[PDB]
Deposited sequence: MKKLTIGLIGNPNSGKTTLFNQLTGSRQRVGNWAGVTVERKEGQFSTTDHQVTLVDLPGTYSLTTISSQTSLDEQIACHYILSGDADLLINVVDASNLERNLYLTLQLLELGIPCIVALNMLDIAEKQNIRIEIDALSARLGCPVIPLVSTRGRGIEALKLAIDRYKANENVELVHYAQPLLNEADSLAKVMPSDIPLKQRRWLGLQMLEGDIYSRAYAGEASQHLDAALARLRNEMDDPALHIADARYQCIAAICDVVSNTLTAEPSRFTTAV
């Protein structure tokens, strides 16, 4: 049969594999990603409604000198093979972990946040306003202690209610950057979802060399775009990052305490 394919993505050491085992138990296979010795492992588990297959992706800080783990990750996310994702976030490092989170949401891939290691966050004396965070990201947030199995049943419930992310505003990029992002997006392949073309546009404009491969003909116009921005603005590349951290930092002030 056709199964619901879920991608488990998060930062290094965010309790990702512990969650994988807690879901899939024995029902798992190990192999390797195409043309690269890096291991690929995926599993099987059942919610009330769905037969799930879970691909354990490699830990990555962002989707942009890199590593294979980064790259294999970003590839899988932009493939369409997964019906949704499970972002595994270390609660004791929200601000660090949420950079990857924002990127996934700017692609507009449906996902649930698995807020993990709150027992460490508690010990570090930090609490997260879960439902505040839920609103800001515009997607589910489910509390977890992966080592203890807390809210695994709560996570499975959230899977059966998988739904398009609330098209809420996240980062607030300067008007020109969006114009140019969108401008490049226009001359990319029409089959790729608009939202992803806008994201691929920004990453190109920031300086991601890999993203140009998806951009098609847009890779040409990059020089024209960047030249224009330089007149209107100092280090467009750097402005992009600033908008992201500003956003995360604003969110974290409200959500964490």
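Absent C-alpha positions map to the deposited sequence ranges 65 to 68, 262 to 274, in order along the chain.
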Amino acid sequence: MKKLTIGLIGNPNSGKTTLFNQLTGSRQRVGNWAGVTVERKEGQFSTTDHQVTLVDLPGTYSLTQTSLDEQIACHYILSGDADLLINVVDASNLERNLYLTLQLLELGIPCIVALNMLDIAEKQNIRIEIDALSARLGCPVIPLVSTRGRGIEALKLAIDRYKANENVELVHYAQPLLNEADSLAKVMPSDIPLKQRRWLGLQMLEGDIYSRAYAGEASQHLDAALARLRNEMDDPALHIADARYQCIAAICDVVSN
From here on, numbers count along this sequence of modelled residues.
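We call the rigid core the largest set of C-alpha positions that still match within 1.5 Å between the two forms.
Superposing the other copies on the rigid core and comparing 68 to 76 to 95 to 103, farther C-alpha placement in 5 other deposited structures of this protein marks 68 to 76. Gaps at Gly35 occur in at least a third of the other compared entries of the protein that contain both adjacent residues.
Comparing 71 to 79 with 111 to 119, the stretch with the higher mean C-alpha B-factor in the PDB entry is 71 to 79.
Comparing the deposited coordinates for 25 to 33 and 49 to 57, the stretch with the larger average C-alpha B-factor is 25 to 33. Based on the entry's C-alpha B-factors, the most elevated value among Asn125, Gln103, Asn93, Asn87 belongs to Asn125. Per-chain ranking of the deposited C-alpha B factor places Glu129 in the highest third. Among the modelled residues of its chain, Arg148 has a C-alpha B-factor that falls in the highest third, as given in the PDB entry. Among all modelled residues in its chain, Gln203 ranks in the middle third by Cα B-factor. Ranked by C-alpha B-factor against the other modelled residues of its chain, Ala215 falls in the highest third. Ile9: CA B factor in the lowest third of modelled residues in this chain (values from the PDB entry).
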